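This is the structure we're talking about:
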């Protein structure tokens with residue numbers, strides 16, 4: 001069934017807004033150099049053709065490994081929104097996403113339940129939470145989805161060993177320039 005986290009044939013996840021309910025994304029970093037996890041989502045300029053609008057949302061996490069992070073917020077993540085469809089304005093909000101373990105293992109997941117909004121769950125493996133596993137905290141981006149909403153998490157030293165998305169959301173109709181095997 002096209003509603004199960006299937007191994008995505010890319011380095012970054014790709015969905016087309018007109019496909020399925022679009023359950024959720026799940027990308028695994030598992031190993032970085034300094035960290036500062038930078039997640040991002042895109043949007044098309046046209047609905048099915050020329051698809052190159054701004055990156056509708058981004059989530060940058062500041063950990064206590066990467067140098068130059070807020071000592072007050074080291075171990076948290078920030079949400080950024082770009083003026084797309086339901087935006088028309090940059091929205092930037094600090095959120096409670098704990099990433100402070102030096103464990104290298106981290107995941108970025110995002111869901112669009114209504115198909116007109118994108119929410120993300122920031123997963124991270126803490127060394128004190130290792131017995132429980134990954135931590136999960138929800139962050140609402142306030143951004144809406146569209147016919148080309150391809151996701152991805154990038155960070156210096158981060159190599160995406162596994163890339164997962166719901167098989168209904170695994171819509172690979174993008175350009176291989178987004179680090180993707182077509």
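Numbering (the entry's author numbering), first residue to last: 1 to 182.
We put the beta carbon where it would ideally sit given N, CA and C, even for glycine.
In terms of CA proximity to residue 58, 79 leads the group 79, 70, 73. Judged by DSSP in its simplified three-state form, residue 118 adopts strand. With a cutoff of 7 Å on beta-carbon distance, residue 52 and residue 82 are scored as not near each other.
Excluding its 5 nearest sequence neighbours in each direction, residue 157 has C-beta neighbours in its own chain below 8 Å: 31, 32, 33, 34, 35, listed in chain order. Per DSSP, residue 57 is one residue of the beta strand (DSSP E) stretching across 57-62. Straight through space, the alpha carbons of residue 139 and residue 65 are spaced by roughly 22 Å. For residue 39, the uninterrupted beta strand (DSSP E) run begins and ends at 35-41, by DSSP.
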